[PDB]
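*Asks:* Take this structure first; my questions come after.
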Amino acid sequence: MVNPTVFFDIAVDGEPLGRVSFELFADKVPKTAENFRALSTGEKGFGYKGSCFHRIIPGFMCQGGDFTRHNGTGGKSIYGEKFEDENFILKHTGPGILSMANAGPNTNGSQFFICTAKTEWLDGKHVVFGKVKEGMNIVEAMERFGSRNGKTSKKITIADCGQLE
Ligand SMILES: CCCN(Cc1ccc(N)cc1)C(=O)NCC(=O)OCC
C-alpha cells in the first residue's frame, strides 16, 4: 500500500554533503518505481551505489544513474538493457520531480534526473515516477556544482544509497 522511500547519501570530491530521500510513486508507476528502488538497494547485484551525477545544469535538472559508462551513454534496468515507457500519468510540475532519462520511445534503463525547475516540455516523453521527500537543500547544493553545458566542477557521487523504513 505505502509508496517506498529511498535515500542517496551525496558526496562532493569524496567529502560528505548530505542525504536526499525520494518517495517513489509505486501506486501509479509500479514497474518504473521498482526498477529505481532495486537499483538503489543493489539487491540484483548492480545499481547506483558509487555512481555519479554526470550532467548538472542549474535551473534545469541533475542527471545520474549511468553505472556502466559513467558519462550518460550507459546504464541498464532490472528488466534488461531497456524497458518500455510505463505510462505518462504524472507530469513535470516543478523542482524535486524524479523522472527517467531516455534515448527515444521505450528506452528506459537506469538513468534518471531530478528536476530543479518546472520542465513541462518533457511531459508525455519522460516517465515521472517519484519526488524528493527530504533534502531538496542538498539537491540545491549539488546544483551549484553544475554548469550551462552540464559538466560538473567537482565530482558529485552517490556515496551510499538504499531503502528507508
Ligand atoms: C541520446 C541521448 C539520450 N540520453 C542519454 C541516455 C542514454 C541511455 C538511457 N537509457 C537514458 C538516457 C539523454 O540523456 N537524453 C536526454 C535526457 O534523457 O534528458 C533528460 C532530461
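We read in the header that X-ray crystallography, 1.4 Å was used to get this structure.
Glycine too: its Cβ is placed from the backbone N, Cα and C atoms.
Reproduced below are the annotations present in Swiss-Prot:
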CROSSLNK  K28  SUMO2 cross-link
CROSSLNK  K28  ubiquitin cross-link
CROSSLNK  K82  SUMO2 cross-link
DOMAIN    7-163  domain 'PPIase cyclophilin-type'
CARBOHYD  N108  N-linked glycosylation site
MOD_RES   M1  N-acetylmethionine
MOD_RES   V2  N-acetylvaline
MOD_RES   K28  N6-acetyllysine
MOD_RES   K44  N6-acetyllysine
MOD_RES   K76  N6-acetyllysine
MOD_RES   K82  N6-acetyllysine
MOD_RES   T93  phosphothreonine
MOD_RES   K125  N6-acetyllysine
MOD_RES   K131  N6-acetyllysine
MOD_RES   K133  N6-acetyllysine
*Asks:* Taking the Cβ of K28 (SUMO2 cross-link) as reference, which residues of that chain separated by at least 6 in sequence fall under 8 Å from it?
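*Replies:* For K28 (SUMO2 cross-link), the qualifying residues are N87, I89, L90, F129.
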*Asks:* Given the recorded positions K44, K76, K82, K133, which one's Cβ is surrounded by the fewest other Cβ atoms within 10 Å?
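*Replies:* Checked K44, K76, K82, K133; of these recorded positions, fewest Cβ neighbours within 10 Å: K44.
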*Asks:* Using DSSP reduced to three states, classify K133 (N6-acetyllysine) as helix, strand or coil.
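*Replies:* It is in a strand.
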*Asks:* Same chain only, sequence gap of 6 or more: which residues have a CB within under 8 Å of the CB of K125 (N6-acetyllysine)?
*Replies:* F88, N102
*Asks:* Of the recorded positions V2, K44, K82, which one sits closest to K133 (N6-acetyllysine) when you measure Cα to Cα?
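*Replies:* If we rank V2, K44, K82 by Cα distance to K133 (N6-acetyllysine), first place goes to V2.
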*Asks:* Out of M1, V2, which of these modified residues shows the lowest number of other CB atoms within 10 Å of its CB?
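*Replies:* Across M1, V2, these modified residues, the one with fewest Cβ atoms within 10 Å is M1.
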*Asks:* Give me the long-range Cβ neighbours of the residue listed as 'N-linked glycosylation site': same chain, 6+ apart, Cβ under 8 Å, in sequence order.
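*Replies:* Sequence-distant Cβ neighbours: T32, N35, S77, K82, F83, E84, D85, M100, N102, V127.
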*Asks:* Of the modified residues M1, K44, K76, which one has its Cα closest to the Cα of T93 (phosphothreonine)?
*Replies:* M1
*Asks:* Give me the long-range Cβ neighbours of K131 (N6-acetyllysine): same chain, 6+ apart, Cβ under 8 Å, in sequence order.
*Replies:* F22, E23, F25, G96, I97, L98
*Asks:* Over all shown protein chains, what is the count of other CB atoms within 10 A of the CB belonging to the residue listed as 'phosphothreonine'?
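*Replies:* Result for the residue listed as 'phosphothreonine': 14 other Cβ atoms within 10 Å.
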